[PDB]
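Contents: one structure, followed by commentary.
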Amino acid sequence: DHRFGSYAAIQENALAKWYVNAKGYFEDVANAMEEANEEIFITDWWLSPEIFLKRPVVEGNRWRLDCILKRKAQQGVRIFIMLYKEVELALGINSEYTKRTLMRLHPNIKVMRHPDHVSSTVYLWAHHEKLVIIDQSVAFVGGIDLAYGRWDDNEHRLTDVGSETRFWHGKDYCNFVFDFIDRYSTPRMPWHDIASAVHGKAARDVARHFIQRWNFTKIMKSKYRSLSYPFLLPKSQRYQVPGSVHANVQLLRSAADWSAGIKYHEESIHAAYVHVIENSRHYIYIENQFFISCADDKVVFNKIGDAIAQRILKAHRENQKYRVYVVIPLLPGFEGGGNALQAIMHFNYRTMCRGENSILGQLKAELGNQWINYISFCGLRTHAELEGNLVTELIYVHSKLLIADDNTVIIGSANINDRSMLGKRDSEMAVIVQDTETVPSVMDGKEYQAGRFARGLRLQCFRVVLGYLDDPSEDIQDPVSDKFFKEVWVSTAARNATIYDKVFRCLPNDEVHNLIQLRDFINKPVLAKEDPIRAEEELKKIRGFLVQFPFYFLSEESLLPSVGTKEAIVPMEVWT
Ligand SMILES: C[C@@H](CN1CCC2(CC1)OC(=O)NC[C@H]2c1cccc(F)c1)NC(=O)c1ccc(F)cc1
């Protein structure tokens with residue numbers, strides 16, 4: 001009975017702050033935790049206790065996650081951590097270890113894991129929300145877990161062979177695309193993510209979600225054994241993070257009975273995505289880990305992909321100038337010859353370009369090849385010089401971000417898929433921030449009064465991917481202009497994609513349509529190794545990380561014959 005059907009009201013004039021990449025996010029969460037007085041609420045899909053939140057490594061282990069919690073728990077602070085119980089076959093995650101590891105620090109640290117391992121019921125879905133709440137007054141929401149490989153800055157380095165500084169220590173140096181990886185022979189996979197912070201009553205809204213799940217999980221755990229944990233209570237009607245701005249903030253979530261014990265499932269994140277897309281007047285910026293939409297009422301059901309295509313058709317009808325920006329990883333983040341990778345690539349391409357129900361399918365059916373003037377799909381990629389050999393790796397965009405009209409922003413942990421959006425599936429949490437303070441800006445060449453929160457986030461987002469960071473940043477002020485869209489965004493994305501394909505002969509390529517074509521393409525000479533001087537000079541023309549998304553990678557490959565068996569028992573709705 002709130003806006004979007006959310007459990008949390010619209011906290012008008014609240015303190016909020018956006019984060020691009022984890023470096024600033026981990027730093028503010030560390031400074032906020034150190035100044036805690038009563039409580040610290042943590043919930044993570046994956047948690048790694050021995051990571052440093054302040055880098056370069058400053059004062060020993062002072063800012064290591066387990067030591068930060070240990071230090072505050074010894075001052076009388078009650079810390080509550082809620083972890084996701086991984087599948088038994090998930091070898092990489094060991095929640096039982098971190099559960100004992102965290103609780104062996106101090107008795108003021110109590111951890112609970114859901115789903116229940118002892119329950120006779122079978123759980124398909126996970127707890128993917130990432131929120132840290134301090135004293136129910138400061139709360140952090142986004143798609144960044146307190147886990148290995150999340151910390152990164154805006155350069156997205158591929159190398160870390162210093163002793164000059166070593167940023168990713170030990171297992172924090174990882175590569176989750178394509179045996180402990182060799183730091184001196186193989187580059188790491190950079191982490192591009194988005195998070196945010198809120199204060200005041202909006203942070204109490206984030207806390208109530210934590211309290212509901214904590215008390216709910218305790219009862220469900222009690223069906224099998226008694227717990228020596230306490231019940232938590234919401235605080236009733238002091239600290240501020242530097243750099244926040246005043247704006248309208250509302251909390252959103254994806255919760256059901258199995259996850260939060262709610263009577264009727266909630267998909268406020270999903271409804272807000274559709275509403276912000278439908279009521280956008282100028283542009284939409286999308287930055288998501290997965291692009292699985294365009295509902296067919298059989299396997300896919302969320303309405304985001306249909307909303308994007310139908311919104312462009314209205315712009316084509318009313319002669320409006322509209323720009324959409326979709327940024328997704330070049331490949332899904334899984335260890336082709338895989339089961340989750342082939343399924344997720346398929347349903348991503350199904351949403352993007354393959355099919356009559358796809359976005360471009362709905363577009364081409366009425367405007368033909370002139371969809372290029374409205375929507376653009378891109379990925380991230382970078383290069384580096386390692387051990388004397390030129391190497392490249394894609395940048396995994398794990399952010400779950402939506403921006404519209406330089407006024408509305410949605411930051412959270414929910415991907416664009418049925419798993420995150422339906423609400424009854426994976427448990428997610430997001431925040432929508434509508435701007436009230438205006439700043440002079442440009443849009444469609446005219447004078448535009450844009451908000452400080454949203455335009456500031458778009459500007460920072462544009463600078464990172466386009467290579468205008470610590471630079472004049474003169475062309476990127478107007479995001480809708482015909483000069484910026486065609487000559488800057490699509491031009492930079494197209495140029496970089498061809499340079500990497502010519503220099504590195506990397507994958508994914510829109511020139512490889514079959515798995516048999518894949519084996520011949522990579523056993524071909526590479527330009528980066530046979531002519532390094534020419535490659536290094538050619539690589540200097542790259543600006544930023546933006547590359548165009550290949551539409552025809554493994555186009556002639558079908559999903560069912562590769563993944564299907566004679567008698568299958570795994571529903572396909574798990575990968576959508
Ligand atoms: C790089 C990241 C990619 N994962 C992608 C998949 C998931 C989780 C992150 O993605 C999502 O968003 N939620 C839950 C997951 C999911 C699963 C199936 C279908 C989905 F749609 C989503 N891997 C890890 O962190 C990691 C790697 C190695 C490890 F040893 C331990 C952890």
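When we count neighbours, we look across all protein chains shown, and the Cβ atoms used for this are built from the backbone with ideal geometry, even at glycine. A short reminder: the numbers here are calculations on the coordinates, not readings from a lab.
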Counting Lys and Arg as +1 and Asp and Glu as -1 over every other residue whose Cβ sits under 13 Å from the Cβ of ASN514, the net charge comes to -4
When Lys and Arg each count +1 and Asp and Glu each count -1, what net charge do the other residues less than 9 Å away from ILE81, Cβ to Cβ, add up to?
-> +1
How large is ³J(HN,Hα), in whole Hz, for each residue of the range 18-32 in order, when computed from phi with the Karplus curve 6.51 cos²θ - 1.76 cosθ + 1.60 and θ = phi - 60°, using x for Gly and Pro?
-> 9, 10, 10, 6, 6, 4, x, 5, 5, 6, 6, 5, 6, 5, 6
Return, for the Cα atoms of the chain, the radius of gyration and Dmax in Å, separated by a comma.
-> 23.3, 68
Using the 10 angstrom Cβ neighbour count as an exposure proxy, how do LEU394, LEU518 rank, fewest first?
-> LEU518, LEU394
Order by protection proxy (mean Cβ within 10 Å, highest first), peptides 32-40, 153-161 | 32-40, 153-161
Kindly provide the GluC sites (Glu not before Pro) of the range 504-576 that DSSP labels as loop, not H, G, I, E or B, and whose Cβ sees at most 13 other Cβ atoms within 10 Å.
-> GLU511, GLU556, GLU567
Is the shape of the range 266-566 rounded, prolate or oblate, going by the alpha carbon gyration tensor and its root eigenvalues a ≥ b ≥ c, with a/c under 1.5 for rounded and a/b larger than b/c for prolate?
-> oblate
How big is the range 94-159 by the Kirkwood estimate over distinct Cα pairs, in Å?
-> 15.2
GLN237/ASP531 FRET efficiency (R0 56 Å; Cβ-Cβ; nearest 0.05) | 0.25
Report the Stokes-Einstein translational diffusion coefficient (µm² s⁻¹, integer) for the range 334-428, Rh taken as the Kirkwood radius over Cα pairs, at 37 °C with viscosity 0.692 mPa s.
-> 196
Find the centroid of the Cα atoms in the range 120-144 and in the range 452-490, then give the distance between the two in whole Å.
-> 32
Fewest-first sequence of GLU129, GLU50 by Cβ atoms within 10 Å of each Cβ = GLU50, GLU129
Considering the options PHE462, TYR239, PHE551, tell which one lies farthest towards the positive end of the dipole of the chain, charges being +1 on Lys and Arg and -1 on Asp and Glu at the Cβ, about the Cα centre.
-> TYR239
For the range 375-484, report the translational diffusion coefficient in µm²/s to the nearest whole number, using Stokes-Einstein at 20 °C, 1.002 mPa s, and a Kirkwood Rh over Cα pairs.
-> 130
Proxy exposure order for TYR184, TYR148 (fewest C-beta within 10 Å first) is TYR184, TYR148
Computed helical MRE - 222 nm, the chain, DSSP H runs ≥ 4 contributing -39500 (n - 2.57), nearest 500 | -8500 deg cm²/dmol
For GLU278, the net charge from surrounding residues (Cβ-Cβ under 15 Å; K, R +1; D, E -1) works out to +3
State the answer as a single residue: which of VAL324, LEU402, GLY379 lies farthest towards the positive end of the charge dipole of the range 266-566, with beta carbon charges of +1 for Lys and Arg and -1 for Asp and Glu, about the Cα centre.
-> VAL324
With +1 on each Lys and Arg Cβ and -1 on each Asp and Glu Cβ, how big is the dipole of the chain about its Cα centre, in debye rounded to the nearest 20?
-> 1540
Can you give the charge dipole size of the range 266-566 about its Cα centre, rounded to the nearest 20 debye, using +1 on the beta carbon of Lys and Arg and -1 on the beta carbon of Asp and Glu?
-> 440
For the range 67-137, size of Cβ-based charge dipole, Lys and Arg +1, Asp and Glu -1, in debye = 440
